[PDB]
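Visitor: model this:
(chains A and B)
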Amino acid sequence: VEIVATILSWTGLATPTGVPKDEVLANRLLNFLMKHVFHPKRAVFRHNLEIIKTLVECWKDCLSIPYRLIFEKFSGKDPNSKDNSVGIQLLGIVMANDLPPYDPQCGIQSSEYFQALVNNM
DNA sequence: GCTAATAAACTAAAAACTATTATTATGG
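Guide: Numbering: from 1, shown residues only, chains lettered A, B, ... in the order given. Here you go, the structure:
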């Protein structure tokens, strides 16, 4: 977290999208962090959420939304609890920018992808 | 020169169905 904060402390100074190496590193680390994102501390968790929001805002020159790690996250097991809501937060981060609501990069079903949410209702 | 009892509607709570209430743990 400290090093990524330092990295994003400047974005106009440097922004990695030239080599595909930096792009895939950014996407892979994005996946890493959004797999790691959870806290019972309710603020450092939101801190990570805002970190991701800032990251995607200052980027997408090298970023790619999985729509799968998120999908399994916000879907949960169709529970009664509030767990999968964390993935829902990702959606806001996803809706933090002009991102496609669900790009079917392969397409899970492109239809029940939102049926999961209307079930979460 | 006869109280052997039973057919007792009463004032019975000894469910609360579903509707606001409130401490908690709070949050930044």
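Visitor: Measure how buried residue A:49 is and give me the count.
Guide: 19 (other CB atoms under 10 Å). Every C-beta, even on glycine, is put in place using the N, C-alpha and C of the backbone.
Visitor: and it, what helix or strand is that in?
Guide: helix A:44-57 (DSSP states H and E).
Visitor: Tell me how far that helix lies from the chain's centre.
Guide: Using CA atoms, centre = their mean, to the nearest Å, the distance from the centre of helix A:44-57 to the centre of the chain it belongs to is 9 Å.
Visitor: Check stretch A:37-49 too.
Guide: Put simply, stretch A:37-49 sits 14 Å off its chain's centre (CA atoms, centre = their mean).
Visitor: what does it contact?
Guide: If you take CB atoms under 8 Å, 6 or more residues apart in numbering as the criterion, stretch A:37-49 is touched by A:1, A:33, A:52, A:86, A:89-90, A:92-93.
Visitor: Restrict that stretch to CA atoms and write it as CSV.
Guide: Taking Å, rounded to 0.1, in the frame of the first residue of the first chain, the C-alpha atoms of stretch A:37-49 are listed here in CSV:
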residue,chain,number,x,y,z
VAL,A,37,-9.5,-6.1,0.0
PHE,A,38,-11.4,-6.7,3.2
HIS,A,39,-11.3,-5.3,6.7
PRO,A,40,-13.3,-5.6,9.9
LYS,A,41,-11.9,-2.1,10.6
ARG,A,42,-14.6,-0.4,8.4
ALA,A,43,-12.3,2.5,7.6
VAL,A,44,-9.0,1.1,6.3
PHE,A,45,-11.3,-1.0,4.2
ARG,A,46,-13.0,2.1,2.8
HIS,A,47,-9.4,3.5,2.6
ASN,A,48,-8.6,0.7,0.2
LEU,A,49,-11.8,1.3,-1.7
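Visitor: Can it be said to contact DNA strand B?
Guide: Yes. Against DNA strand B, stretch A:37-49 shows contacts by CB under 7 Å from any atom of the strand at A:42-43, A:46.
Visitor: Now that stretch: buried residues?
Guide: Neighbour counts over stretch A:37-49 (16 or more other CB atoms under 10 Å) mark A:37, A:48-49 as buried.
Visitor: Show me which of the residues you listed is closest to residue A:66.
Guide: Relative to residue A:66, the closest of the buried residues of stretch A:37-49 is residue A:37; by CB to CB it sits at 13.1 Å.
Visitor: Many thanks, I have nothing further to ask.
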